[PDB]
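Asker: Following this message is one structure expressed as structure tokens.
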Amino acid sequence: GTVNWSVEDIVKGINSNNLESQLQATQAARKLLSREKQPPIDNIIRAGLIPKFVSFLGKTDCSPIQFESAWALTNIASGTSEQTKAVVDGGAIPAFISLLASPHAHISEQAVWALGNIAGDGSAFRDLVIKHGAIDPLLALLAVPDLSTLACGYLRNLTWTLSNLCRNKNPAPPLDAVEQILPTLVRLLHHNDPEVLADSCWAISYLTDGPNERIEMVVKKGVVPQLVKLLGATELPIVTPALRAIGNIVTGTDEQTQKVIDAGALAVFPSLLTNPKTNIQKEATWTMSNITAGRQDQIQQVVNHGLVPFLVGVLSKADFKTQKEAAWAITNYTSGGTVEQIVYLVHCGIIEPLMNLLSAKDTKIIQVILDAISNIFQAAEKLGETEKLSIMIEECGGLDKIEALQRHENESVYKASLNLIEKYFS
Amino acid sequence: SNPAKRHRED
Amino acid sequence: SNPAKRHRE
């Protein structure tokens, strides 16, 4: 019927002045654009069909052609930036927002989808969607006593589109748009659907990826305990954005970091720091490095939760970029911690895997490790036990690597090495 | 990598 | 506030 039409035939029907002929041709374009194997988006654009699709969005008395056009335009908007731009240039943004209030749920859902693709292109189209007034009708679709009464596919599309309005930087979304979206987002973050939960966490991870003021807007809505709960989910599509959000929050102030600790997040990190998915381990270790950059009472909580052995573990064996986050974790720890906390680090076995990483060719991890060694020696000087640390570094081959780095291209790997040799190995 | 855009197949 | 904090690298 409408399967495998030529673009020429589609143009012919759409250019007829017969609404039923145009409906059939539009559905045929929708089916062409729905195939996974290179949908001919550019050929449809080059045929000049986008203005006609957009005008069909307004045919209130022919809801089928509204749906088919909406679907066709959604899939053009799903392509490259240039292809999304063609949809925007055709006037689709206000026409889709007008469809949000359609009495046909499948048509308003398709308008939700299309705006999600347009907003997802980048911050400019995101902010342009916001300026046309998309947020109010979107949130009104979710203004129900219980989200569970909404169709699951519909709720997932609404959640995903809302998270694209939260997405991207330079610039971040407008402050007032974020404040307007946040209470609905908090409610979606407590819903029981795994996809809604994943996309809600993604939205929160975008909003917390910024300055401390952006983090605070989220943290003050009280979502940190729910994020920590989702941190323990069995669904990796949920854990990944939940962890990104938690890690984003601990890039903020010590007070914002403390609320992550208060919420019980550190008890999940034995699993996260041994998680089979290397990017979970990397993100978890980066998060740990920002926690060990906090106060001494926050370092103490890391100790209390038994997490220093887990840092020794990832330093000993992990993907290199995780090992580098672990190196940062130790340097931050030794920079801010007490003498007793630093001594405990040595007792857990940090020295030998620390020395082994001086073999790496990454020059700034060598700088990071050399700073941690200097920090630990400074703690050992306060105790009069510099020589035991010297011999410890000696027996694991660490001294050989320190004096090897005396022969290094970088000017500070140069001097840090010789300085440590000068003062502690004479 | 969470895709910003989504294509509708059916 | 805390200068030791690091963003993603």
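Order determines the names: the first chain of the structure tokens is A, the second B, and so forth; residues in each chain are numbered 1 upward, and ligands are numbered 1 upward as they are shown.
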Give the residues of chain C that lie within 6 Å of chain A; count only C-alpha atoms, and format the answer as a compact mmCIF listing (two decimals) with N, CA and C atoms, in the first residue's frame.

Answerer:
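So iface02.txt came out as:
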# COMPACT_ATOMS: atom_id res chain seq x y z
N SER C 1 35.24 26.53 45.82
CA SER C 1 35.58 26.57 47.24
C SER C 1 36.80 25.70 47.55
N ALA C 4 41.20 21.53 45.56
CA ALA C 4 41.72 20.22 45.18
C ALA C 4 40.73 19.41 44.35
N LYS C 5 39.47 19.84 44.27
CA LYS C 5 38.48 19.12 43.48
C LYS C 5 38.86 19.14 42.00

Asker: If you count only C-alpha atoms, which residues fall within 12 Å of residue 1 (chain B), apart from same-chain ones fewer than 6 positions away, as a ChimeraX atom specification?

Answerer: /A:202,237,240-241,279

Asker: Sorted by chain and rising residue number, list the residues of chain A at most 6 Å from chain B (counting only C-alpha atoms), each with its closest atom pair and distance in Å to one decimal, as CSV.

Answerer:
residue,atom,partner,partner_atom,distance
A:34,CA,B:9,CA,4.6
A:75,CA,B:7,CA,5.4
A:78,CA,B:5,CA,5.2
A:117,CA,B:5,CA,4.8
A:120,CA,B:4,CA,4.9

Asker: For the residues in that selection, give me C-alpha atoms as a PDB file, in the first residue's frame.

Answerer:
ATOM      1  CA  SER A  34      11.437   4.463   9.530  1.00  0.00           C
ATOM      2  CA  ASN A  75      12.975  10.897  12.126  1.00  0.00           C
ATOM      3  CA  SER A  78      16.893  12.368  14.553  1.00  0.00           C
ATOM      4  CA  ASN A 117      15.308  15.307  19.054  1.00  0.00           C
ATOM      5  CA  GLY A 120      18.913  17.145  21.870  1.00  0.00           C
TER       6      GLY A 120
END

Asker: Would you kindly return, as a compact mmCIF listing (two decimals) with N, CA and C atoms, in the first residue's frame, each protein, DNA or RNA residue with an atom no farther than 8 Å from any atom of residue 157 (chain A), considering only C-alpha atoms and excluding same-chain residues fewer than 4 positions away?

Answerer:
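Writing the result to result10.txt gives the following:
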# COMPACT_ATOMS: atom_id res chain seq x y z
N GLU A 109 2.38 12.41 22.08
CA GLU A 109 3.61 11.66 22.33
C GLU A 109 4.62 11.83 21.21
N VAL A 112 6.14 15.15 21.58
CA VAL A 112 7.16 15.06 22.63
C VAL A 112 8.47 14.53 22.05
N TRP A 113 8.38 13.43 21.30
CA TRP A 113 9.56 12.80 20.71
C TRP A 113 10.30 13.78 19.80
N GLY A 153 5.27 3.87 27.64
CA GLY A 153 5.99 4.46 26.53
C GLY A 153 5.89 5.98 26.51
N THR A 161 12.72 13.48 26.85
CA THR A 161 12.72 14.84 26.31
C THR A 161 13.05 15.86 27.39

Asker: Quote the spacing between CA of residue 27 (chain A) and CA of residue 68 (chain A) in Å to one decimal place.

Answerer: 5.4 Å

Asker: Could you check how far CA of residue 213 (chain A) sits from CA of residue 175 (chain A), in Å to one decimal?

Answerer: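 Atom-to-atom, CA of residue 213 (chain A) and CA of residue 175 (chain A) are spaced 10.0 Å apart.
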
Asker: If I take CA of residue 239 (chain A) and CA of residue 187 (chain A), how far is one from the other in Å, to one decimal?

Answerer: 18.3 Å

Asker: I'd like the contact shell of residue 415 (chain A) - 12 Å cut-off, only C-alpha atoms, skipping same-chain residues fewer than 2 positions apart - returned as a VMD selection string.

Answerer: chain A and resid 367 370 to 371 402 to 413 417 to 422

Asker: Could you write out the selected residues, including C-alpha atoms, as a compact mmCIF listing (two decimals), in the first residue's frame?

Answerer:
# COMPACT_ATOMS: atom_id res chain seq x y z
CA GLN A 367 54.07 14.05 38.91
CA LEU A 370 55.95 11.92 43.25
CA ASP A 371 53.83 14.49 45.11
CA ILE A 402 62.85 7.51 41.49
CA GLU A 403 66.48 7.95 40.44
CA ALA A 404 65.66 6.78 36.92
CA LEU A 405 63.19 9.69 36.67
CA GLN A 406 66.14 11.97 37.38
CA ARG A 407 66.64 11.40 33.62
CA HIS A 408 63.24 12.72 32.48
CA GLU A 409 62.16 15.18 29.79
CA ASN A 410 59.74 17.09 32.02
CA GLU A 411 61.39 19.74 34.16
CA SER A 412 59.53 18.96 37.40
CA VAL A 413 59.73 15.17 37.20
CA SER A 417 63.00 13.00 41.76
CA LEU A 418 66.41 14.46 42.58
CA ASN A 419 64.99 16.35 45.56
CA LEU A 420 63.56 13.14 47.04
CA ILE A 421 66.88 11.40 46.40
CA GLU A 422 68.71 14.33 48.00

Asker: Tell me, as a PyMOL selection string, which residues lie within 12 Å of residue 33 (chain A), counting only C-alpha atoms; anything in the same chain fewer than 2 positions away does not count.

Answerer: (chain A and resi 3-7+10+26-31+35-45+68-79) or (chain B and resi 7-10)

Asker: Residues of the last selection are to be written out with N, CA, C and O atoms, as a compact mmCIF listing (two decimals), in the first residue's frame.

Answerer:
# COMPACT_ATOMS: atom_id res chain seq x y z
N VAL A 3 4.16 0.91 1.13
CA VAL A 3 5.47 0.32 1.37
C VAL A 3 6.33 0.50 0.12
O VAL A 3 5.90 0.18 -1.00
N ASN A 4 7.54 1.03 0.31
CA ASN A 4 8.55 1.14 -0.74
C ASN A 4 8.09 2.06 -1.88
O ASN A 4 8.18 1.72 -3.06
N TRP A 5 7.61 3.24 -1.52
CA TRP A 5 7.36 4.27 -2.51
C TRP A 5 8.67 4.94 -2.90
O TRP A 5 9.60 5.05 -2.10
N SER A 6 8.73 5.39 -4.15
CA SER A 6 9.79 6.30 -4.56
C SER A 6 9.54 7.68 -3.97
O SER A 6 8.39 8.06 -3.70
N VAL A 7 10.62 8.44 -3.77
CA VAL A 7 10.47 9.82 -3.34
C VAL A 7 9.67 10.61 -4.37
O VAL A 7 8.86 11.48 -4.02
N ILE A 10 6.09 10.00 -3.70
CA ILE A 10 5.70 10.70 -2.48
C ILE A 10 5.45 12.17 -2.79
O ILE A 10 4.42 12.74 -2.39
N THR A 26 2.18 10.81 2.67
CA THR A 26 2.91 11.14 3.90
C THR A 26 3.22 9.88 4.71
O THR A 26 4.34 9.72 5.21
N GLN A 27 2.25 8.98 4.83
CA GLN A 27 2.52 7.70 5.48
C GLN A 27 3.63 6.94 4.76
O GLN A 27 4.48 6.32 5.41
N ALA A 28 3.64 6.99 3.43
CA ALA A 28 4.70 6.31 2.68
C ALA A 28 6.07 6.90 2.98
O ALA A 28 7.06 6.17 3.10
N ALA A 29 6.14 8.23 3.11
CA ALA A 29 7.39 8.86 3.54
C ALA A 29 7.77 8.43 4.95
O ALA A 29 8.94 8.15 5.23
N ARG A 30 6.78 8.35 5.84
CA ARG A 30 7.05 7.89 7.20
C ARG A 30 7.68 6.51 7.20
O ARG A 30 8.61 6.24 7.97
N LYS A 31 7.20 5.61 6.33
CA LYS A 31 7.73 4.26 6.31
C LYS A 31 9.13 4.23 5.72
O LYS A 31 10.00 3.50 6.21
N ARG A 35 12.95 3.03 8.22
CA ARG A 35 13.86 1.91 8.08
C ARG A 35 15.20 2.22 8.73
O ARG A 35 15.65 3.37 8.77
N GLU A 36 15.84 1.18 9.26
CA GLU A 36 17.11 1.36 9.95
C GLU A 36 18.27 1.50 8.99
O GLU A 36 19.25 2.20 9.30
N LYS A 37 18.19 0.88 7.81
CA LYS A 37 19.30 0.89 6.85
C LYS A 37 19.20 2.15 6.01
O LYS A 37 18.40 2.24 5.07
N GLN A 38 20.03 3.13 6.35
CA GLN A 38 20.16 4.45 5.74
C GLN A 38 18.84 5.01 5.22
O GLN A 38 18.62 5.03 4.00
N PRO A 39 17.97 5.47 6.11
CA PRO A 39 16.76 6.18 5.69
C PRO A 39 17.12 7.37 4.83
O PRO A 39 18.01 8.17 5.20
N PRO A 40 16.46 7.55 3.68
CA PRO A 40 16.85 8.61 2.74
C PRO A 40 16.44 10.00 3.22
O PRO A 40 15.65 10.71 2.58
N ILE A 41 16.99 10.41 4.37
CA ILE A 41 16.63 11.69 4.97
C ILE A 41 16.97 12.84 4.02
O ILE A 41 16.16 13.75 3.82
N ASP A 42 18.16 12.80 3.43
CA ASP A 42 18.60 13.91 2.58
C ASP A 42 17.76 14.00 1.31
O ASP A 42 17.46 15.10 0.84
N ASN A 43 17.38 12.86 0.73
CA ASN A 43 16.54 12.89 -0.46
C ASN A 43 15.17 13.49 -0.16
O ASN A 43 14.62 14.25 -0.96
N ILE A 44 14.61 13.15 1.00
CA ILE A 44 13.34 13.74 1.43
C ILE A 44 13.49 15.25 1.62
O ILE A 44 12.62 16.03 1.23
N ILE A 45 14.60 15.67 2.24
CA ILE A 45 14.84 17.10 2.43
C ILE A 45 14.98 17.80 1.08
O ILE A 45 14.32 18.81 0.82
N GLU A 68 1.36 11.05 10.99
CA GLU A 68 2.35 10.60 10.01
C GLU A 68 3.41 11.67 9.76
O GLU A 68 4.60 11.36 9.66
N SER A 69 2.98 12.93 9.62
CA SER A 69 3.93 14.03 9.49
C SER A 69 4.82 14.15 10.72
O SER A 69 6.04 14.30 10.61
N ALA A 70 4.21 14.10 11.91
CA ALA A 70 4.98 14.17 13.15
C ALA A 70 6.04 13.08 13.20
O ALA A 70 7.20 13.33 13.53
N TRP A 71 5.65 11.85 12.84
CA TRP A 71 6.59 10.74 12.82
C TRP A 71 7.68 10.96 11.77
O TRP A 71 8.87 10.76 12.04
N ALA A 72 7.28 11.39 10.56
CA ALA A 72 8.26 11.66 9.51
C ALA A 72 9.25 12.73 9.94
O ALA A 72 10.47 12.57 9.77
N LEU A 73 8.75 13.83 10.50
CA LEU A 73 9.64 14.91 10.92
C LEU A 73 10.49 14.51 12.11
O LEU A 73 11.65 14.93 12.21
N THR A 74 9.93 13.71 13.03
CA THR A 74 10.73 13.20 14.14
C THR A 74 11.98 12.50 13.63
O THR A 74 13.08 12.69 14.18
N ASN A 75 11.85 11.71 12.57
CA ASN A 75 12.98 10.90 12.13
C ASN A 75 13.97 11.69 11.29
O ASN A 75 15.17 11.39 11.31
N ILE A 76 13.51 12.73 10.58
CA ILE A 76 14.46 13.67 9.99
C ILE A 76 15.24 14.37 11.10
O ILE A 76 16.47 14.49 11.04
N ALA A 77 14.53 14.83 12.14
CA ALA A 77 15.18 15.53 13.25
C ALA A 77 16.13 14.63 14.02
O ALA A 77 16.99 15.14 14.75
N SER A 78 16.01 13.31 13.87
CA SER A 78 16.89 12.37 14.55
C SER A 78 18.26 12.25 13.90
O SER A 78 19.12 11.55 14.44
N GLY A 79 18.47 12.89 12.75
CA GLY A 79 19.72 12.72 12.03
C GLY A 79 20.81 13.69 12.44
O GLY A 79 20.96 13.99 13.63
N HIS B 7 15.72 7.70 16.89
CA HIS B 7 15.00 7.39 15.67
C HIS B 7 13.85 6.43 15.98
O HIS B 7 14.03 5.48 16.75
N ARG B 8 12.68 6.67 15.39
CA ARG B 8 11.52 5.80 15.61
C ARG B 8 11.37 4.83 14.44
O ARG B 8 11.05 5.23 13.32
N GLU B 9 11.57 3.54 14.73
CA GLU B 9 11.52 2.48 13.72
C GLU B 9 10.11 1.95 13.49
O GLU B 9 9.75 1.64 12.35
N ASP B 10 9.31 1.80 14.55
CA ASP B 10 7.97 1.25 14.41
C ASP B 10 7.08 1.58 15.61
O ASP B 10 7.34 2.53 16.35

Asker: Using only C-alpha atoms, which of A:263, A:288, A:143, A:350 sits nearest residue 6 (chain C)?

Answerer: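 The shortest atom-to-atom distance to residue 6 (chain C) comes from A:288.
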
Asker: Neighbours of residue 15 (chain A) within 12 Å (only C-alpha atoms; same-chain residues fewer than 3 positions away dropped), as a list in words?

Answerer: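 Contacts, with the query itself left out: residues 8, 9, 10, 11, 12, 18, 19, 20, 21, 22, 23, 24, 25, 26, 47, 48, 49, 51, 52 and 53 of chain A.
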
Asker: Write to file, as a PDB file, in the first residue's frame, the residues of the selection just made, with C-alpha atoms.

Answerer:
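Writing done, so here's again_34.pdb:
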ATOM      1  CA  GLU A   8       9.106  10.948  -6.705  1.00  0.00           C
ATOM      2  CA  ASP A   9       5.768   9.248  -6.006  1.00  0.00           C
ATOM      3  CA  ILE A  10       5.701  10.698  -2.484  1.00  0.00           C
ATOM      4  CA  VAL A  11       6.212  14.192  -3.906  1.00  0.00           C
ATOM      5  CA  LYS A  12       3.469  13.535  -6.477  1.00  0.00           C
ATOM      6  CA  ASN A  18      -6.272  15.773  -2.320  1.00  0.00           C
ATOM      7  CA  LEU A  19      -5.957  15.415   1.446  1.00  0.00           C
ATOM      8  CA  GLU A  20      -6.420  11.643   1.277  1.00  0.00           C
ATOM      9  CA  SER A  21      -3.774  11.381  -1.457  1.00  0.00           C
ATOM     10  CA  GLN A  22      -1.481  13.525   0.701  1.00  0.00           C
ATOM     11  CA  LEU A  23      -2.189  11.337   3.737  1.00  0.00           C
ATOM     12  CA  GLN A  24      -1.194   8.173   1.868  1.00  0.00           C
ATOM     13  CA  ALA A  25       1.949   9.804   0.451  1.00  0.00           C
ATOM     14  CA  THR A  26       2.906  11.138   3.900  1.00  0.00           C
ATOM     15  CA  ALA A  47      12.563  17.168  -2.461  1.00  0.00           C
ATOM     16  CA  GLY A  48      11.282  20.127  -0.413  1.00  0.00           C
ATOM     17  CA  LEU A  49       8.893  18.036   1.678  1.00  0.00           C
ATOM     18  CA  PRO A  51       7.378  22.670   4.732  1.00  0.00           C
ATOM     19  CA  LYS A  52       4.499  20.425   3.643  1.00  0.00           C
ATOM     20  CA  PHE A  53       5.049  18.046   6.579  1.00  0.00           C
TER      21      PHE A  53
END
